[PDB]
Every structure is written in C-alpha cells, then in structure tokens.
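Take a look at the structure set out below.
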Amino acid sequence: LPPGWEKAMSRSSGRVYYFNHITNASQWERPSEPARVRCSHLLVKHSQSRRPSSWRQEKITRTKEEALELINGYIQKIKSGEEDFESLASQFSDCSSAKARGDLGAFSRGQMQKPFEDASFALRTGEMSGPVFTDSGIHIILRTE
Ligand SMILES: OCc1ccc2ncccc2c1
C-alpha cells in the first residue's frame, strides 16, 4: 500500500478500514514524489502553542485536548458535507491564512514544520489529513496541488 498506510479493524462495526500514520487520515476504501505541493490548512491553537495568540483571540487559553475536540468536529462536518473546508478555515483557523480560506501556497521540503511537511507530501492531490500536531497547534491539511 502507498506510503504510510496500514489495515485496521473498526471497534464498533468490525469492518476493515485503512489508516495512514503520516497524515492521520482514515477511510474505508483501500488506498490507490513531487518537488512541491500546495496545501491549505485550518489551525486550532492551544495553550501550549509556540505563540498562544491569533487574529481570533489575544490570549488562546484552550487546552490541547479541547483543541483536538474542535479539530475532530470540523473534520466530521467536512466529511459529511454539512460544511466546506474553505468555509471552516475562513471562520475558525487560528492562522492569518484564514483570510485566504486557509491557502498557504506552494512549498518545497525544508520550509514547513516537519510533521506538517510530512503529512502534506504524503497526501494525494485533493486528499485531507486527519489531525496533525506541530508546535503551532493542531492542523487539518488539504492538499490542493
Ligand atoms: O502564515 C503564513 C501565511 C501564508 C499565506 C497567507 N495568505 C494570506 C494571508 C496570510 C497568510 C499567511
């Protein structure tokens, strides 16, 4: 299977699914490197972020666990189609790139924080990550190119 995938078993349904330990994505279907990729992201900061502040809040006080719960809720609505990634990023991302619907532009290896970079380059074009942890906080990453 493609870089970083493994089989797993649903605890609730017993049905097999697939999980990527680089991007933290999970899916039911069996899944099937460039100089640069283009990604958007939605960042949720927490009280141990490297800079716990953003355009949304002068003092970000939420815990890491609380930030993960927010991230998980956003992923759920994106995957159900109730909301779009671009819409949630514009409204709730703690990165100034919120004003660009989360778009970071194109980048090479070496420029971003390593867990972010590895998830970005392991996604297929159009793919979304699960929660990705860095010193900035927790991200949802969408590879657009
Ligand atoms: O934080 C890096 C970054 C990248 C892209 C951006 N685009 C628009 C506004 C702010 C932006 C910030």
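Using ideal geometry, Cβ is built from the backbone for each residue, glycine included, and neighbour counts are taken over all protein chains shown. Values quoted throughout were computed directly from the atomic coordinates according to the rules given, and no laboratory measurement underlies them.
At a glance:
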{"quantity": "Fraction of the pair-distance distribution of the chain above 20 Å, Cα-Cα pairs, percent", "calculated": "47"}
{"quantity": "Net charge over other residues, Cβ less than 13 angstrom from the Cβ of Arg30 (K, R count +1; D, E count -1)", "calculated": "0"}
{"quantity": "Karplus-derived HN-Hα couplings along the range 102-108 (A = 6.51, B = -1.76, C = 1.60, θ = phi - 60°), whole Hz, x at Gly and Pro", "calculated": "x, 5, 9, x, 8, 8, 9"}
{"quantity": "Surrounding net charge for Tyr18, when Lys and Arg each add one and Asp and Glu each subtract one, Cβ distance under 9 Å", "calculated": "0"}
{"quantity": "Order of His21, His41, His46 - criterion: other Cβ atoms within 10 Å of each residue's Cβ, fewest first", "calculated": "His21, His46, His41"}
{"quantity": "Within the range 56-96, trypsin sites (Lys or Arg not before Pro) in DSSP loop having at most 15 other beta-carbon neighbours inside 10 Å", "calculated": "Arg56, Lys59"}
{"quantity": "Charge-dipole axis of the chain as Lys and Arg at +1 and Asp and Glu at -1 on Cβ define it, positive-most pick from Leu42, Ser26, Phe107", "calculated": "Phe107"}
{"quantity": "√(5λ) per eigenvalue of the Cα gyration tensor, the range 95-145, largest first, Å", "calculated": "14, 14, 12"}
{"quantity": "Rounded to the nearest 20 debye, dipole of the chain from Cβ charges on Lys, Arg, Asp, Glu", "calculated": "180"}
